[PDB]
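Read the single chain below, which is given as structure tokens and is the form solved without ligand SAM.
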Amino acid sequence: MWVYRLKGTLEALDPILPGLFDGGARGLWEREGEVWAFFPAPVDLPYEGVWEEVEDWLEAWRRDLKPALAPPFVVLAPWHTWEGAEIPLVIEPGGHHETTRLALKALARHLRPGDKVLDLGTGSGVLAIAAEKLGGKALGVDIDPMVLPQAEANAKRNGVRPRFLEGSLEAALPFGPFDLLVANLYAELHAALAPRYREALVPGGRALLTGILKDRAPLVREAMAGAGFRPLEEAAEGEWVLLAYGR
């Protein structure tokens, strides 16, 4: 669709808005000292502005996309430049959720070089990528077979090759037991899965569980308690926790 660009603010152009609306404006947006009026199609207007047209709401969003720090790691889109010593994780923004930040931190604390890692609900593959970069051998699984080529592409940009399979926990078990399990899921599913997490992990294995709302944390606490796990540490950020357990 088309936009009309006028000099000024909304308060200041309030008098010509009836002309925008009657002309066919369906949305307005004040972009700092200008007003962009969203039309479906162009009309004759005597206000002296500039007609324009908007796949363009993409490398506009992509321009406002910043690297996300989770020391020791930095999460970068493929087009970002970044110097220093953070461990880079190049991810197509096709993330910097709090829960991603929490999981990366905890992988860095808990992971030991050579550990076999299961990333459950791997998505973009970011946590399995991080784990290989700290020196593990990671398997990411996900039930959406359409995310896996995207996960393996992201692996390619990071010069590591964790394996990516379609399935949930059950699909992954033939390839364990594992030394670490990382899982950015949610409380009710962690609770439902707690006994099979025990089976997935070797004695002394660790499960790093996130995606959990502060409020809802007690569900997982009891389930992991129920399942014979020892608490190791709780991390938090905004309304999100990660709960870490030892087998």
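Quick note: we count residues from 1 along the sequence shown, nothing fancier. Heads up, when I say rigid core I mean the largest set of C-alphas that superpose within 1.5 Å between the two forms.
The same protein has a further form, the form solved in complex with ligand SAM, not shown here; the description that follows concerns it.
Residue contact with ligand SAM in the deposited complex: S168 places a heavy atom within 4.5 Å of it. Of the heavy atoms in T100, some are within 4.5 Å of ligand SAM in the deposited complex.
Although the partner is absent from this view, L127 contacts ligand SAM in the deposited complex, with a non-hydrogen atom inside 4.5 angstroms. Although the partner is absent here, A131 sits far enough away that none of its heavy atoms falls within 4.5 Å of ligand SAM in the deposited complex. Comparing 75-83, 150-158, 112-120, 131-139 against ligand SAM in the deposited complex, the single stretch with non-hydrogen atoms within 4.5 angstroms of it is 112-120. Contact with ligand SAM in the deposited complex, judged by any heavy atom within 4.5 Å, is made by just one of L189, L69, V43, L28: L189. When both forms sit on the same rigid core, the CA shifts between this form and the one not shown reach 2 angstroms or more only at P18 out of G238, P18, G226, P231. After superposing the rigid core, the C-alpha of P42 moves by 2 Å or more between this form and the one not shown.
For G204, the Cα coordinates differ by under 2 angstroms between this form and the one not shown after the core has been superposed.
Relative to the superposed rigid core, the position of the CA of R31 differs between this form and the one not shown by 2 Å or more.
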